[PDB]
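Quick setup: one chain, the form deposited in one PDB entry, written in structure tokens, and binding and motion questions come after.
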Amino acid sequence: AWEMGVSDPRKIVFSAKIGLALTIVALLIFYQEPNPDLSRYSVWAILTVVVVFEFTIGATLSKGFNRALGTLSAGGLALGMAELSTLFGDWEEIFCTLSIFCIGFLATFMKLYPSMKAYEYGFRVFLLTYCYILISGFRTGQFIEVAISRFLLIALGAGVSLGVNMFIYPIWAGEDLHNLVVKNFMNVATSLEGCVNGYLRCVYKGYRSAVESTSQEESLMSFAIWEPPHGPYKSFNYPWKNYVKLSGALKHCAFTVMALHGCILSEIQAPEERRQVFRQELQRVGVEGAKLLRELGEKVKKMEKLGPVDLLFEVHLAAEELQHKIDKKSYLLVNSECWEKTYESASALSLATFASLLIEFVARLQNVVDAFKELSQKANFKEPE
């Protein structure tokens, strides 16, 4: 409660924004002359205010567009069907009851398709609207009056929500994508250092946050776009896809870190006295990889290009020294007597797996540097200080 509020002041702002919107809708109704027939309609503005308020501006705009297309296609089919109904004559109710069944079936069967498993709220409004216009007395006169007053209150509530959401401390989805990329870059370096230290000591969240985030990145990329230019992002079409391309290169790099974490929780392990022969070479690769990932995170955060020197020279030298050391002392992993116990041989062969996985991790960083160059080129980053 208090802890999350002090750590996260955005949540308190969002909650006081919704409180203010509700108190404004309330004020605009408490100051009208007391009427019995006005209080009954008031519930629709409260429902609109409590349904259309989202966390981001792009989310609010996209969901409002979808809900308006739903409500209008529903009112359209309804008005394009009650006319066919009138033609039937006496057997009018049977036609309506037989059309509500088919609309319910199609609107419940088209919401269950794996490709259409996000926009359930454009289908629910369609069904609710179509059903409400055939069992409410379309042929009376009080119908149109009630419909008009309800739509008026709904439009008032949506206008209030949209103004109190767009003009007071707006939250943008592009800043959330921008910050998420930097956080993942930091976490992968922390996990790599923790893994090397744990293996050499006589991590889950780091690689897990990276591996399990593509859905969030694509959702935030789907909303950023609605939003208009603001602050550092001033072009109309901002290359938001290059951020997902760099996050994918980093996930490919983080899978080897997940396999090095898995090497520490295995049933077959190597003798401790034999792991202390390669400690220096193993620790150098970790130090250099963490330094490189942290410098790439700092360059992404500041929106700066890469300088003249090469960023992969020390890590390559470290991995070549590691390979030389392994070649010098490779008689500790195999048994030369048998050249022509199972547990002992597997425990000796277990160290080579850790070393090979570290070398594969160092070989997978060139694609991440290439994706960073592509993003720094398409987004018009500034020349380094």
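The first residue of the sequence shown is number 1, and the count goes up from there.
The entry shows a gap from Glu340 to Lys341, with 10 or more unmodelled residues of the deposited sequence in between. The entry models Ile148 and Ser149 with no unmodelled deposited residue separating them.
As for the form deposited in another entry, it is not shown, yet the points below apply to it.
Checked against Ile168, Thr214, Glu304, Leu322, the hinge of the rigid-body motion between the shown form and the other one corresponds to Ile168.
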